[PDB]
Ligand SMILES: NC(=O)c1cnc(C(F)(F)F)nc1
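Quick heads-up: it's one chain on its own, the form solved without this ligand, in structure tokens.
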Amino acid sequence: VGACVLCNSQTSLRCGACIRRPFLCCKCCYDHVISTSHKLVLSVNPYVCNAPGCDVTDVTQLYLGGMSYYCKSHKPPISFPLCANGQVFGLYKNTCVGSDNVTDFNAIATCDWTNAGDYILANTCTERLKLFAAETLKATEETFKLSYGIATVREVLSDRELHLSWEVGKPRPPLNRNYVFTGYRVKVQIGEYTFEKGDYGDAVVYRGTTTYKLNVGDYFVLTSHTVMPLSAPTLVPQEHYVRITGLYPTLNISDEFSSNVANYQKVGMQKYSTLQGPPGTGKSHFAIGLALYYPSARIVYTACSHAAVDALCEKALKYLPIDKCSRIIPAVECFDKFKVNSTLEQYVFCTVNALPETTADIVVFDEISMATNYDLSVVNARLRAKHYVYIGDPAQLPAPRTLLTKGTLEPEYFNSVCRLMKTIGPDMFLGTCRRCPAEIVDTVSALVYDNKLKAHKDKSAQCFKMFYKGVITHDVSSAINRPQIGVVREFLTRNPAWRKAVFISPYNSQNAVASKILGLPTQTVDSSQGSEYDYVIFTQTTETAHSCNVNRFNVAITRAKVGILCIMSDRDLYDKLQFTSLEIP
């Protein structure tokens, strides 16, 4: 017995076919079962046929026979169907309300989350359907990992490479950071690993958790936890105040953070606030300066990824008292220059999924484009705060929707925060890029930021572009372009000053091939977000939708502080690059 998810009317009915088993009242449960393939209704007892050996569980074929339930072939004379007059029979049938958005619920409840419109709907529906979609989406993700085969250790080459055997028949998962395995030995549980495909032979690369000498015969399954029910909304109702409510602003604010004076004020005069901080505009600067402007404020700094949390720590290590900070870590080697798992310190740095239950004066949520609605709900459910600051850039990378194979997910459907930034606009917008040369800045400014991103630097005259399709050779789940490595290898002898450049490409395997030939430090576009380097060498590798994504390209070319070389494959993005075109050797 609980509350219907659509209209909160109390009910004893749950849909036995939905993966979340939501509470649906008599009318909502009717409108769900008649227009979907979901027919199993659970109550204080399941709505199945009470006859010996009968397997009729379809509620639309079931009848209320006194106290029991029956199909047509086993019903008593005095009986009527459970589904009639727009209601499924159940407790509190007289006290129903019904809903006006059952249509969206049906599509959320029955989709397989492979289409982009499944995520669009999960972000344009009501708040209670946003939580149900996140539960159902994550439950489908965890369940779908069951179909992937187990990874058997075929050979242990080194402490960082090995050979894997794959189960015949069952599909194989893409080997990157998004897929996390659990290792067994036959009876110990070996640990928690990830995989990546290098360049030497059939060998993969592993980055494990608990140290262990894994032997031939060990098998890796996949890391699947349990999806917890959501209770808190993605965004609490916005509260506006005319004075700074709940905070004590300082009057001796240093020069470094005086430009953001009209910003932390807005943080104090609102319940939540959204700041869009494009690359190199001092996002982390704004976040840390909030702590100095409100020096007594207990502040929780959180993000999804460990690297985004660690970056906030390295910036905090410079301007904040070390003993008043803590890095919350769950049982990846992350920031380790604070005191670990000290929940009560004034400044808490912690990933979303590992957050504890506490309160705070201000909560800062960074890298908001990487956040899912599930994450937004968890933050509100774990952190009771006077002010929530959501920091990120909808024109940067989103969370990896592993099931999404059909369609393109636009930034306004990443989460509730990104949706507001793309519709009513963000509350604050850091519009001066102080990292990149004018060529890069002006390129992304017209590419994603609608000419709002301004350059604090001159043209560097060291940003070059080259159109050179080359040869694309794919492997197990990545792409490789050696001819594009060939151009860069040529470039590194003609321009020996660029030997200090970082190689960036949309693919892990090409980076390993880049490392093998060039020797440059390699970095995927995913792991490069929130980072900066003087020189950057980028090969687009392929002409796919993955390497042509403008958000991925925005992050890629905005890693440079001095110069960049873009070996391009797609015509449009090359023609949109405001760089000096180079002649093909």
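Heads up, when I say rigid core I mean the largest set of C-alphas that superpose within 1.5 Å between the two forms. Sequential numbering from 1, following the sequence displayed.
Can you check if, in at least a third of the other PDB entries compared, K145 has no modelled coordinates?
Per the records, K145 is modelled in all the other entries.
Looking at the other compared entries that model residues on both sides of it, is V188 unmodelled in at least a third of them?
Looking at the other entries that model residues on either side of it, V188 is missing from at least a third.
Counting only residues that lack coordinates, how big is the gap in the deposited sequence between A331 and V332? Pick none, 1 to 3, 4 to 9 or 10 or more.
In the deposited sequence, 1 to 3 residues between these two have no coordinates.
Looking at the deposited sequence, how many residues between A497 and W498 were given no coordinates in the entry: none, 1 to 3, 4 to 9, or 10 or more?
According to the record, the chain runs unbroken from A497 to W498.
Hey, which bit's got the bigger mean C-alpha B factor in the entry, 201-209 or 228-236?
Mean B over CA atoms: larger for 201-209.
For the C-alpha atoms alone, is the average B factor greater in 354-362 or in 252-260, going by the entry?
Looking at the recorded C-alpha B-factors, 252-260 comes out higher on average.
For the CA B factor values reported in this entry, which option in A501, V379, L447, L404 has the top one?
Highest C-alpha B-factor among the listed options: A501.
Name the one of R419, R298, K93, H74 with the greatest CA B-factor according to the PDB entry.
Highest C-alpha B-factor among the listed options: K93.
Ranking every modelled residue in this chain by its Cα temperature factor as given in the entry, which third contains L409?
Middle third.
Mind checking which third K516 falls in for C-alpha B-factor across the chain?
Highest third of the chain for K516's C-alpha B-factor.
Compare the C-alpha B factor of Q523 with those of the other modelled residues in its chain, then answer lowest, middle or highest third.
Ranked within chain, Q523 CA B lands in the middle tercile.
Quick one: classify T542 as lowest, middle or highest third of the chain based on its Cα B-factor.
Ranked within chain, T542 CA B lands in the middle tercile.
State the tercile, meaning the lowest, middle or highest third, of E141 with respect to the CA B-factors recorded for its chain.
Lowest third of the chain for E141's C-alpha B-factor.
Below, we refer to the form deposited with this ligand bound, which is not included among the displayed structures.
Can you tell me which of 156-164, 486-494, 109-117, 96-104 lies within 4.5 Å of this ligand in the bound PDB entry, counting heavy atoms only?
Looking at the other structure, the answer is 486-494.
Quick one: from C304, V204, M466, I190, grab the residue that has a heavy atom within 4.5 Å of this ligand in the bound PDB entry.
That would be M466.
For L582, is any heavy atom within 4.5 Å of this ligand in the bound PDB entry, or not?
Contact check for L582: yes, within 4.5 Å of this ligand in the bound PDB entry.
Only one of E412, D475, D427, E256 crosses a C-alpha shift of 2 angstroms between the shown form and the other one, counting 2 angstroms or more, core aligned. Which residue?
Between the two forms, the residue that moves is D475.
After superposition on the rigid core, does the Cα atom of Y212 shift by at least 2 Å between the shown form and the other one?
The answer is yes; the displacement is at least 2 Å.
How about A461 - superposed on the rigid core, does its CA move between the shown form and the other one by 2 Å or more?
No: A461 shifts by under 2 Å between the shown form and the other one.
Once the core is superposed between the shown form and the other one, does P81 show a C-alpha displacement of at least 2 Å?
True for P81: a C-alpha shift of 2 Å or more.
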